Each structure stands twice: as structure tokens, then as C-alpha cells.
Amino acid sequence: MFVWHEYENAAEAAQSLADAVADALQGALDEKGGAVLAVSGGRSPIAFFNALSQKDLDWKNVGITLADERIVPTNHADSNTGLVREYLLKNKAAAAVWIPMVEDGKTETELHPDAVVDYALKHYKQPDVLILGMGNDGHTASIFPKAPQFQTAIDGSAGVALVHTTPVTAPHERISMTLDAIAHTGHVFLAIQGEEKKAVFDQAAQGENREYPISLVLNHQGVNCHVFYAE
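Residues numbered from 1 in each chain as written, not as in the entry; some residues may be left out. Heavy atoms only, no water. Residues with missing side-chain atoms left out of burial classes, pairs and counts.

- Determination of this PDB entry was carried out by X-ray crystallography to a resolution of 1.330 Å, according to the record.

What follows is the structure in C-alpha cells.
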């Protein structure tokens, strides 16, 4: 219940993911006149962001947001908002509508996780297209296996879209899409690079195990993840 795409060359993987994501966005724009794209942070998606930013889509009708965010000011080095502004919201995609996860202008002592989640929930729209990444621990979004909030993150009973998580093994409190939110996204992509991540992916692919949270997405009913891998 996933499709595997492998490349030798990172540049080709990035372009090929951009091409597929642009086509999925176009389908949403054709169907309903608007689209919402959620992206993940870190380094691995940057070349993809750059390629996607050049696509001649109707970006003014596309909302862009995050799958997860570090609860830090948006000018902080570890802000995914800052990441996305640097590498994606440029070229043709600069016209996209930003759907915030952390409020601009707030400093560290003004950012309290409960209030942050409440603010983010007020702006949240269900994505049409989501690009996930995966850590070496098998986590995805900020659904980290040792988070004390893990049971909340996987409880889809009330459809709640965003959850505060504490990674334990990585810095900063987080705001994450929930398993429910991911599972109900129409088009889900996963981008991963390197043999270490291919090995963890293959474990996760074996079946559901909360030790490798991406496994809960790969094995979820109704989810068909499009996986783009570069060595």
C-alpha cells in the first residue's frame, strides 16, 4: 500500500517529486479551484522545493503550510517556517497563500505550546497534497515514538488535526499533524534519501509498530503513499 520510486541522483529525485506534486496540485485546482499543500522541513526536501517553486501553477489559489513545526520564533534557525520561506516561497510559488503554524513576531517567551496549537488550529485547512519525510528513528511529521503525547497524536476519534508533541530525542516542542490528518489527505508523498533511511523504511514497511511511527501511515487503510527515494 505504497508506490516506490528510486533514483541514483538526488537532483533527478527532487525534479521528479516536484513534477508529481505539481500534477497532484493541478488536479486539485482543476477539481475545486484551490489546493492546500503541506510540506515537511529539514534538508532533504530543499532541492524539491526549489524545483516546485518554478512550476507555472496557479499559485495564488494554493495554500501552503507545514506538516509539523518547531515551536520557536519564525526567524529562529530551527523554524520550518523560515526554511520554507527561504527555499519554497520564491519564484512562481511566492504567490502562494501561507497558512501559519507559529505566529510571526512572537519571541520565545511568548510562545506557549497550548496557545500555539490553538492559533494553528484556527488557521488549519485539510491538505490536498502532503509531503512527508522520515527520521532515522522512523518518525514522520513530529509524531515521535517517545513523545508523551503519542496516544493523542494517533487518536483520530474527534478528527483533531494538530497536536503538541515533545520529541524527547530531538529539540524543541512541536506542533504536528495527527495520524488522522495525514490519513485523510488525498495525496501523500514520502521523500527519503540514503541506505540508512531505506533500511528503516523497510522495517517500517513490515507492519504497524509505534516504534517506527511512519509504519502507522504506510499501513493505514485508505492511504497509498508515493515514496521517492534517492541513494
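### Concerning helix α7 (residues 195-205)
In an α-helix, one turn spans 3.6 residues; hence positions three or four apart end up facing the same way.
Inference 1: Where α7 is concerned, the buried positions are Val200, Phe201 and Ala204. Looking straight down α7, one finds its buried side chains confined to an arc of 105 degrees; they lie on one side.
Inference 2: Structurally, α7 contributes buried residues whose contacts are with β1 (2-7), β9 (187-193), α8 (214-218) and β10 (225-230).
Inference 3: Two residues or fewer after α7 comes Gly207, characterised by a positive phi angle close to 155 degrees. (Buried < 20%, exposed > 50% of the residue type's maximum accessible area, 1.4 Å probe, protein only. Helix = DSSP H or I, 4+ residues; strand = E, 2+ residues; numbered from the N terminus. Arc of directions from axis to C-beta. Contact = heavy atoms within 4.5 Å.)

### With respect to the sheet that holds strand β3 (residues 62-66)
Inference 1: Read from one edge of the open sheet, seven strands run β1-β10-β9-β6-β2-β3-β5, paired in parallel fashion. Whereas interior strands pair on both sides, the edge strands pair on one side only; in this sheet they are β1 and β5 (97-98).
Inference 2: With five bridges joining them, strand β2 (residues 35-39) and β3 adopt parallel strand pairing. Bridge assignment links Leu37 to a residue of β3, and that residue is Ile64.
Inference 3: Strands in contact with helix α1 (residues 10-32) are β1, β2, β3, β6 (129-132), β9 and β10; relative to β9, the strand with the most contacts, it is inclined by about 170 degrees. (Pairing = 2+ DSSP bridges. Axes fitted to C-alpha atoms, helices over the stretch in contact; angles between N-to-C directions.)

### With respect to unusual backbone geometry
Inference 1: The phi dihedral of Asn91 is positive, around 55 degrees, even though this residue is not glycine.
Inference 2: Tracing the backbone through its elements, the reader meets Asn91 in the loop between α3 (80-87) and β5.
Inference 3: A residue is classified by how much of its surface remains accessible, and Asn91, at 47% relative accessible area, is partly exposed.

### Digging into the sheet that holds strand β7 (residues 162-165)
Inference 1: Ordered in space as β4-β8-β7, the three strands form an open sheet in which the pairing is antiparallel. Two strands close off the open sheet at either side, each with one partner strand: β4 (68-70) and β7. Direction aside, the axes of adjacent strands within the sheet are offset by 20 degrees on average.
Inference 2: In this sheet, strand β8 (residues 174-177) lies alongside β7 in antiparallel orientation, the contact comprising four bridges. Residue pairing across strands places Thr165 opposite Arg174, the latter belonging to β8.
Inference 3: Packed on one face of the sheet, helix α4 (residues 113-123) meets β7 and β8 and runs near 160 degrees to β7.

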